[PDB]
Structures are given as C-alpha cells and as structure tokens.
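In the form deposited in one PDB entry, a lone chain appears below as structure tokens.
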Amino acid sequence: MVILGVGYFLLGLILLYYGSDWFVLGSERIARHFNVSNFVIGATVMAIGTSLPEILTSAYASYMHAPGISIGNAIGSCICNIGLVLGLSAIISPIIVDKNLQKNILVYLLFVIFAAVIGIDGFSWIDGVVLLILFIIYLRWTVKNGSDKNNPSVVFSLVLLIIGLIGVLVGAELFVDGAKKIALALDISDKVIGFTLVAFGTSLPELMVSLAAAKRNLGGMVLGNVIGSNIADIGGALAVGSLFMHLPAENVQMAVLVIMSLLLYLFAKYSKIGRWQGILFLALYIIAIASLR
C-alpha cells in the first residue's frame, strides 16, 4: 500500500489541478451570464463550493461531541484563507480592488468583528441562528447589489462548474487518502496527523481554486473567494456547529483574524494586495501557526 498511496496522491493532484481550472472558467462564464462581477460569483457560488468541506467538518465534529475542534477548525480556516491562500495568490497576481467592491469588504470586516464580540463568552445556539441569518442576508445582498431558455453556452458553463467542483472535492479526498497511506508506510502513526492532514484536505479545494484564479489574473475572483469563504466559515460552519453544542471561546484567533481582516480592508482601499502585502500575510501566518503552539 505504497505505490497505491502515490497512485492516489498523484491522481488527486491531477483532479485538483484541472478541476480547479474548470471550476474557475465555469464560474467566470456564469458571472458573465448572470451579469455580475468576478468578485460576486466568487463570494457566493465559488465560496460555498469550496467551503462545504469546512461546514460539514464543523457540524459533524460538534455532533460527535468535539466542539473545540468545530470552532478551532472554523476560525483556523479564515486565517488560512487570508494568510496562506490570499498571501500566495497575491504574490502570483497582485490584486487591485475596484471601488464598488469596497462596500462589500467593509461589510466583511464588520461581520468578523461582530463574530469576535459575541464570541467572547463563547458561542450559543442563539449566536448561531443570528450569524446563520446574517450569512443569508449577506448572500442575497452581494448578488443583488452587483447585478436563457435553451442556451448551449450556459450549459457548458455549468458543466465546467459542476465537473470542476466534483474534480477538486474528489481530488482532495484522494490526496488525503494517498498521503495517509504514505505516512503510514513512513512510520507516522500519530493521531494529530489524522487531523492535520485532513484539516489541510478541507482547505485544499479552496487553496487550489484560488491559485487557479490567481494564475489567470482574476484578482477580484480570488478576493471574493477569500471573503466569501471566511463568512461561510463563520456565518455557516461556525454557526451550524453551534446548534449542536456550545462552542468554546478563542479570543486569540479571533483577534488575529480581525487584524488580518483589518489589514485586508486597508490594503484593498488605499493600496493593493500585491506581492509585498502577500509576503506580509504569509509572514503573519507563520508567526501565528508557530506562536499558537
């Protein structure tokens, strides 16, 4: 079970490589038909596509009585998205943000701040419902604010979007499956490896898709996907997980997240999310994962 591990591994990379590229092309075309910006389609359709493994993970974790995991993995992804994902994407393709996109980003900053404030004592099922509503309020607002019978072109767009999404979701669980077989053959029979490599497996569709878009200089789409995913992780993953059990409090991760969200706001308004900014986001990401033990 070693060449099978590599076989699963390399196959996963193939389904993640092309899958994310099709998911981006499908999304870009869909945005053109629904007559919305690359940002809007990234903060809604794309976000929910890549943020689904994060919602299902949190909800299940809190279901089987592991709440500290459900929240720790919920916020840890938001930081991973601004730190690793956005950071890497900005180095590849610097992001100049439009002026109609900043109202959206400001809303994101406030929503994160709102989550941090009510998340000091912890997270009730009350907080969950509140945040769950705000999520939907955000979605219908993002689509509306920035805005057919038998069309062969639209169909092709949906094929790219659906096959592309199936590709990255399958490729991610082939990535993990293969890496686990390799790790086992390597001597790593520890248990945090069975949550570290899987936590990375949930952020893997998000990382790949954002990189695929970054390669095609879709800075707006990249930004939308980061913004949308974090809200889907907080307004959705963090919220749904709180319906089962009372999630604990992490006022050090939330603090860091607000900082990275604040920096994102300032960069996407008075400057840009370019290469040096991305380096900083990466720097803040590595002085975090090391200083948070």
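Start at 1 with the first residue shown and count on from there. Superpose the two forms; the largest set of C-alphas matching within 1.5 Å is the rigid core.
One more form of this protein exists, namely the form deposited in another entry; it is left out here, but the text below deals with it.
- Of the candidates 106, 186, 117, 158, the Cα that moves 2 angstroms or more after core superposition between this form and the one not shown belongs to 186 alone.
- Core-superposed comparison between this form and the one not shown: the Cα of residue 200 travels 2 Å or more.
- The pair residue 199 and residue 188 separates in that other deposited form: their C-alpha atoms are at least 3 Å more distant from each other than in the form depicted.
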